[PDB]
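Student: Sharing a structure, written as structure tokens. Questions coming.
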Amino acid sequence: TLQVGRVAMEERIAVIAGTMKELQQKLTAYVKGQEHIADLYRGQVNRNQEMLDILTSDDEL
Amino acid sequence: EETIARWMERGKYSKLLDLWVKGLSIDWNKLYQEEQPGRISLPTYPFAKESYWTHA
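The listed protein sequences correspond, in order, to chains A and C.
Add 1013 to a position in the first sequence, counting from 1, and you land on the number used in the entry's author numbering.
Add 1074 to a position in the second sequence, counting from 1, and you land on the number used in the entry's author numbering.
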């Protein structure tokens, strides 16, 4: 549902988890300000707008 | 690096150069699968001309 049922906006995070407890752990660490969390990625689209435009055009990628 | 190899074989030069100029490392030797061109003299780096001297 989170993959296909939410518009992907400018500020994104993503987490890989094999159990619920793991997800809760990682997300709570994120909420608590932990800068580095394993298998949790942070970033912004606003930043890399340029290279995005130029690479996604080709099906090669 | 294999994807580059294929772009080169296919001749996707515009793509490689648009990526190279942004920093993508390209092994230009793979451009020459059979044989090799020759090296020739060309102008060299125009080093900055700044003066430096001490005092005796």
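Even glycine gets a Cβ: it sits at the ideal position worked out from N, Cα and C.
(1) Within its chain, find whatever has a CB closer than 7 Å to the CB of A/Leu1053; leave out the 5 residues flanking it on each side and keep chain order.
(2) Less than 8 Å between the beta carbons of C/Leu1090 and C/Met1082, yes or no?
(3) Identify each residue in the region 1084 to 1104 of chain C for which the Cβ-Cβ distance to at least one residue of chain A is less than 9 Å, and report them in chain order.
(4) According to DSSP, simplified to helix, strand and coil, what is A/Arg1060?
(5) What are the residues that DSSP puts in a beta bridge with A/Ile1050?
(6) Going by DSSP in three states, A/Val1028 sits in which element: helix, strand or coil?
(7) What residue range does the alpha helix (DSSP H) around A/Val1044 cover?
(8) Can you tell which of C/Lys1096, C/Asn1103, C/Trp1102, C/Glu1075 has its C-alpha closest to the C-alpha of A/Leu1065?
(9) C/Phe1121 to C/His1129, Cα distance in whole Å?
Tutor: Taking the definition as stated:
(1) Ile1026, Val1028, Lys1039, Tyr1043
(2) Contact check for C/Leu1090 against C/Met1082 passes: the beta carbons are separated by less than 8 Å.
(3) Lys1086, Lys1089, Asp1092, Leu1093, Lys1096
(4) coil
(5) None, per the DSSP bridge assignment.
(6) strand
(7) First-last of the alpha helix (DSSP H) with A/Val1044: 1033 to 1044.
(8) C/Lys1096
(9) 25 Å
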